[PDB]
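Presented below is the structure to which this report refers.
Every residue, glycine among them, receives a Cβ derived from its backbone with ideal geometry; neighbour counts consider all protein chains shown. Read-outs: derived from the displayed coordinates by stated rules, not from any lab.
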Ligand SMILES: *[C@@H]1O[C@H](CO)[C@@H](O[C@@H]2O[C@H](CO)[C@@H](O[C@@H]3O[C@H](CO)[C@@H](O)[C@H](O)[C@@H]3O)[C@H](O)[C@H]2NC(C)=O)[C@H](O)[C@H]1NC(C)=O
Ligand SMILES: *[C@@H]1O[C@H](CO)[C@@H](O[C@@H]2O[C@H](CO)[C@@H](O[C@@H]3O[C@H](CO)[C@@H](O)[C@H](O)[C@@H]3O)[C@H](O)[C@H]2NC(C)=O)[C@H](O)[C@H]1NC(C)=O
Ligand SMILES: *[C@@H]1O[C@H](CO)[C@@H](O[C@@H]2O[C@H](CO)[C@@H](O[C@@H]3O[C@H](CO)[C@@H](O)[C@H](O)[C@@H]3O)[C@H](O)[C@H]2NC(C)=O)[C@H](O)[C@H]1NC(C)=O
Ligand SMILES: *[C@@H]1O[C@H](CO)[C@@H](O[C@@H]2O[C@H](CO)[C@@H](O[C@@H]3O[C@H](CO)[C@@H](O)[C@H](O)[C@@H]3O)[C@H](O)[C@H]2NC(C)=O)[C@H](O)[C@H]1NC(C)=O
């Protein structure tokens, strides 16, 4: 038997679906979302880490000159300084008084730990939602891992389940992303081959193990001071270390809809938005023949107490009379009130009690025990507590019933004014018809 | 000096760009696309292959009954049959005349070479373009590997290029793809866990190494024939084998725009569609000061021969007079005609010959040598060969010049009719004015 | 602030904590008509005025 429903994408909300097959007693099965995960598809642009400047010993040629030789090294700098006269601890070498020369070289490289401490720059698109759902009905109670798209069918107790695509296409990750350790930054980074000194990305590499490197750190050589050997230089400090101090916030602490950002792999979890369509295919052994199901007549519903709090703050009593003792399946045909359970024990004594949660001043909903029906209406009082550590068990429906006190009063007033208008219309009609008849 | 232009996305086309700095002599860059590859992003859905039915030896109990034991195997089947009297080569065992049983068992498994011969079901989206571009100006070639998006800057001889995003967002891949060896098929496969017997995907596995397997092959058992031990069964033949001979065409033999489909990684090669913007940032060493460039004055253009064919079928002779001899940058300022070469060796004799290709009956285009300009008009005759083995070397512009023979005839005839109309209007105005003045 | 949607605070190394607000107000429903308006003004205090 095929059935289709829609359940809210809320973790911990007890969804209950009511199946009413023509030949069998009604069935109520409970579905709950234990967990959720939403992962974008990432393709790596480059990585960044702190650099390291390589400065070899200067070549001081005495009594002669040297020539600078170009090399294919990242941000390579080389210059030749003439007229040097260095000293060392024992004396001054370069016997020639002023026909000497020094060669200074410097380049940059990735730091020795770039495979341990680095940041990845990604582009994110087309997230896929996975879920973990517990389904329970009859003697079946079991939890499954599913892909939330119309392209994954699972079997639970012989029943086939397909959890269709999510209602909305909202994702918290925008086009460009930067990942550092276990923190995701919702950032726009410079293109590859176009990094700037002192900012994020002043050195860029396609992969951790890649061999070529791009570097732009404004490294510049300077003339050595007279009488000493040292190779001076100036270089703008690392842009990775500057990002580490001026990165700003994170997506972990900003994300809407209250969802946790995890890394490795990058994902957003328990992120309450949208609805999940569900398609079902049940066997005939899930139901019960309407013969051995109990027969209930004269179903009366009276509300004992009500207070529209987050938990199950209303109590409900049903009176009936039955021919045989057995089990029935209760259900509330409105989302104004959410019931605690999906099954009751019927006995010849004729009294069952059950708990419901609502959020409106005066609810009115129809409840059904096996095949019977009844209408329940109540007047509920506000709670006194201001703040609670748990989420609502209701659907946040507030608009009151037409028989409730507020709308009853409005109905009385509007009816009085309408009667006044109708009477005046009749008076004018009679007078104008008399005027016409003359 | 930053400059910006656009290129056709056709392989082998000789694009020529003209840069005209106010303080310098003009420059001409030549760019070609040597190769492209359009890469989709894939999500593996599952793996399909031929199955293997495993059937253990049967169990026969003499004066006993065997109780059927269930277990968790893919598409597992077990039965017990009563009253067997098997015979073997030496005779019939089971003294027990009738009250003895046989237990039949069978299940499905992934085949021994599924690691080597399988088909993969993918979801494809968000393709990325990558190219090899040959850039030449002054005294260098080079070919560079570029990601064709606005986020890759590559330096050639001191000039850095960004090849902008392709104008179109066209891809030859649908949402769902099936890859087999070296072929790609645009095909909708069944959802995982919902494959049907005898068709593609009767057995599904989430990955080659995955331990779990879905099998729906309609395996059934039957009673053994009397006096015999053989475990019969009937079971629908494989769906991977069935698909292999009934898949139908491919994408390799079908794709629009003439692009080659290749695999691992799956990509579309040389797939001529759209336009690509390019932005450059040239140094000052690229240009030549206007003082060094020869001064060209009194420039005229005359065409010797035309044939608006695919290759370079038009010849152009160009006259001038110069004060020194050197190099000029020639350019054709309309896409109605395409010049073969980018620089001309200018001498004091006063003649340069240029080769151009067009597809219009009467081209008209302005060409510049160094800094001079001239307008070239030609009357070109159609080819004789019907079919050629090379691509067109023009831009397929056909509308003629307004001074061509056909448009000249149209212009004369329309002018005559307009003169008749103007005379009619004037005479009517004159007569109406005379009558009104009465 | 703690709206009806909830709020989350993280303080130090220990785990973040969530809090939700209840539909609490100061009037009394099912009373005189000038108290029902007070009830519906305590919660949603911007559409009640327009509707009245
Ligand atoms: C021992 O010390 C003497 C002290 O001068 C060194 O003599 C110097 O030797 C170099 C050899 O490279 C001479 O350089 C050459 O000088 C000429 C003329 O200036 C120049 O045109 C060449 O290009 C080259 O650089 C240098 O002039 C000379 N000094 C003098 C003659 O006063 C000698 O080399 C030392 N012996 C060693 C290091 O084995
Ligand atoms: C349907 O099946 C699930 C399990 O598949 C049942 O979950 C059960 O939940 C209860 C509490 O809701 C768990 O009991 C708890 O055990 C911890 C152990 O430290 C104890 O400290 C708690 O005070 C509480 O007693 C129970 O372990 C868990 N069952 C499992 C994990 O197998 C669920 O209750 C079932 N539904 C129904 C209606 O029975
Ligand atoms: C040697 O061969 C003899 C056959 O002549 C086997 O004896 C047979 O054993 C089975 C099982 O004990 C007997 O089945 C039983 O039947 C009675 C009804 O009389 C029933 O109450 C039991 O529950 C069971 O079904 C079978 O009757 C019996 N055959 C005869 C003729 O009595 C014997 O088992 C063989 N020995 C070995 C070691 O296999
Ligand atoms: C730009 O630089 C490239 C780098 O070499 C040049 O490519 C090569 O050009 C030579 C011609 O000098 C080609 O060799 C010839 O190829 C023809 C093809 O039919 C063959 O018949 C000849 O025997 C000879 O081998 C060579 O194939 C070509 N290489 C590639 C990869 O295209 C190019 O010529 C330079 N362009 C200019 C305008 O300077």
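Determine the relative contact order of chain C: mean sequence separation of Cα pairs under 8 Å and six or more apart, normalised by residue count, in whole percent.
It comes to 24 percent, rounded to a whole number.
What is the angle, in °, between the Cα long axis of helix B:405-437 and the longest principal axis of the Cα atoms in chain B? Nearest 10 is fine, range 0 to 90.
Tilt of helix B:405-437: around 60 degrees.
Per-residue ellipticity at 222 nm for chain B, helices alone: DSSP H runs ≥ 4 residues times -39500 (n - 2.57), over residue total, nearest 500 deg cm²/dmol?
Taking each H run of at least 4 residues, the total per residue is -3000 deg cm²/dmol.
Ordered by packing density, taken as the mean number of other Cβ atoms within 10 Å over each peptide's residues, highest first, how do C:14-23, B:273-282 rank?
Ranked from most to least packed, the peptides come out as B:273-282, C:14-23.
Per-residue ellipticity at 222 nm for chain C, helices alone: DSSP H runs ≥ 4 residues times -39500 (n - 2.57), over residue total, nearest 500 deg cm²/dmol?
-7500 deg cm²/dmol
Got the residue A:305 label distances to the other copies yet, label 7 Å along Cα→Cβ, in nm, shortest first?
With the label placed 7 Å along Cα→Cβ, residue A:305 yields 10.9 nm.
Per residue, what volume in Å³ does the convex hull of the Cα atoms of the stretch B:318-424 enclose?
151
Give me a single rounded figure for A:384-392: the average over its residues of other chain Cβ atoms within 10 Å of their Cβ.
5
How long are the semi-axes of the equivalent ellipsoid of the stretch A:290-374, defined as square roots of 5 times the Cα gyration tensor eigenvalues? Whole Å, largest first.
24, 12, 11
Enter the mean number of other protein chain beta carbons within 10 Å of the beta carbon of each residue in B:240-253, as an integer.
For peptide B:240-253, the averaged partner shielding equals 0.
Using alpha carbon centroids, what distance separates the stretch A:268-282 and the stretch B:311-334, in Å?
Centre-to-centre distance over Cα atoms comes out at 70 Å.
Find the centroid of the Cα atoms in the stretch B:214-239 and in the stretch A:346-362, then give the distance between the two in whole Å.
55
For the stretch B:143-197, just list the percent of Cα-Cα distances falling in each 10 Å bin from zero outward, please.
17, 27, 22, 20, 11, 3, 0
State the percent of C-alpha pairs, over all pairs in chain A, separated by a distance greater than 44 angstrom.
Distances greater than 44 Å cover 48 percent of the Cα pairs.
Give or take rounding to whole Å, what are the principal axis extents of the alpha carbon atoms in the protein assembly as shown, in descending order?
126, 122, 83
With N set to the number of residues, divide the alpha-carbon radius of gyration of the stretch A:215-320 by 2.2 N^0.38 Å and report two decimals.
Here the Cα radius of gyration is 2.73 times the empirical estimate.
Just how far, in whole angstrom, is the stretch B:1-56 from the stretch A:24-100 if you go by their alpha carbon centroids?
So the separation of the two Cα centres works out to 31 Å.
In Å, what Kirkwood hydrodynamic radius results for the stretch A:334-396 from the alpha-carbon pair distances?
Every distinct Cα pair counted, the radius reaches 13.7 Å.
In Å and whole numbers, how far do the C-alpha atoms of the stretch A:260-402 stretch along each principal axis, longest first?
The principal-axis extents, from largest down, are 59, 44, 26 Å.
So the label point sits 7 Å from Cα along the Cα-to-Cβ vector; using that for residue B:433, what distances do you get to the other copies, in nanometres, sorted shortest first?
Here the equivalent label points are 7.7 nm apart from this one.
Sorted from largest to smallest, which semi-axis lengths in Å does the alpha carbon gyration tensor of the stretch A:26-70 give for its equivalent ellipsoid, taking the root of 5 times each eigenvalue?
71, 11, 4
Note down the Stokes-Einstein diffusion coefficient of the stretch A:113-171 in µm²/s, whole number, using a Kirkwood radius over alpha carbon pairs, 20 °C, and 1.002 mPa s.
It comes out at roughly 147 µm²/s.
Mind ranking A:417-429, A:43-55 by how tightly packed they are, going by the mean number of other C-beta atoms within 10 angstrom, highest first?
Put in order of decreasing packing, that is A:43-55, A:417-429.
Give me P(r) over the stretch B:37-147, computed from all C-alpha to C-alpha distances, binned every 10 Å, as integer percentages.
Reading the bins upward from 0: 11, 20, 17, 14, 11, 8, 7, 6, 4, 2, 0.
Tell me, rounded to the nearest percent, the portion of alpha carbon pairs in the stretch B:1-83 spaced more than 23 Å apart.
Distances greater than 23 Å cover 66 percent of the Cα pairs.
Can you list the equivalent-ellipsoid semi-axes of the stretch A:199-255, largest first and in whole Å, using the square root of 5 times each Cα gyration tensor eigenvalue?
The equivalent ellipsoid of the stretch A:199-255 has semi-axes of 34, 17, 8 Å.
For C:14-26, what's the mean count of beta carbons from other chains sitting within 10 Å of each residue's beta carbon?
Neighbouring Cβ atoms belonging to other protein chains average 5 per residue here.
Remind me, relative contact order of chain B in percent, using alpha carbon pairs under 8 angstrom and six or more residues apart?
Normalised by residue count, the contact order of chain B is 16 percent.
For the stretch B:189-339, calculate the relative contact order in percent as a whole number, restricting contacts to Cα pairs under 8 Å that are 6 or more residues apart.
Computed over the stretch B:189-339, the figure is 12 percent.
Can you check what the Kirkwood hydrodynamic radius comes to for chain C, Cα pairs only, in Å to one decimal?
When all Cα pairs of chain C are included, the Kirkwood radius is 13.2 Å.
Which of the three applies to the stretch A:362-405, rounded, prolate or oblate, going by the alpha-carbon gyration tensor with a ≥ b ≥ c and a/c under 1.5 meaning rounded?
It comes out oblate by the Cα gyration axes.
For residue A:347, place a label point 7 Å from Cα along the Cα-to-Cβ direction in every copy; what are the distances to the other copies, in nm, shortest first?
12.1
Mind checking Rg over Rh on the stretch A:1-44, alpha carbons, Kirkwood formula for Rh?
1.21
With no solvent and one equal point scatterer placed on each C-alpha of the stretch A:70-131, evaluate the Debye formula and give log10 I(q)/I(0) for q = 0.13, 0.20, 0.23, 0.28 Å⁻¹, two decimals.
Log10 of I(q)/I(0), two decimals: -0.69, -0.92, -1.01, -1.13.
How large is the convex hull of the C-alpha atoms of the stretch A:144-253 per residue, in Å³?
194
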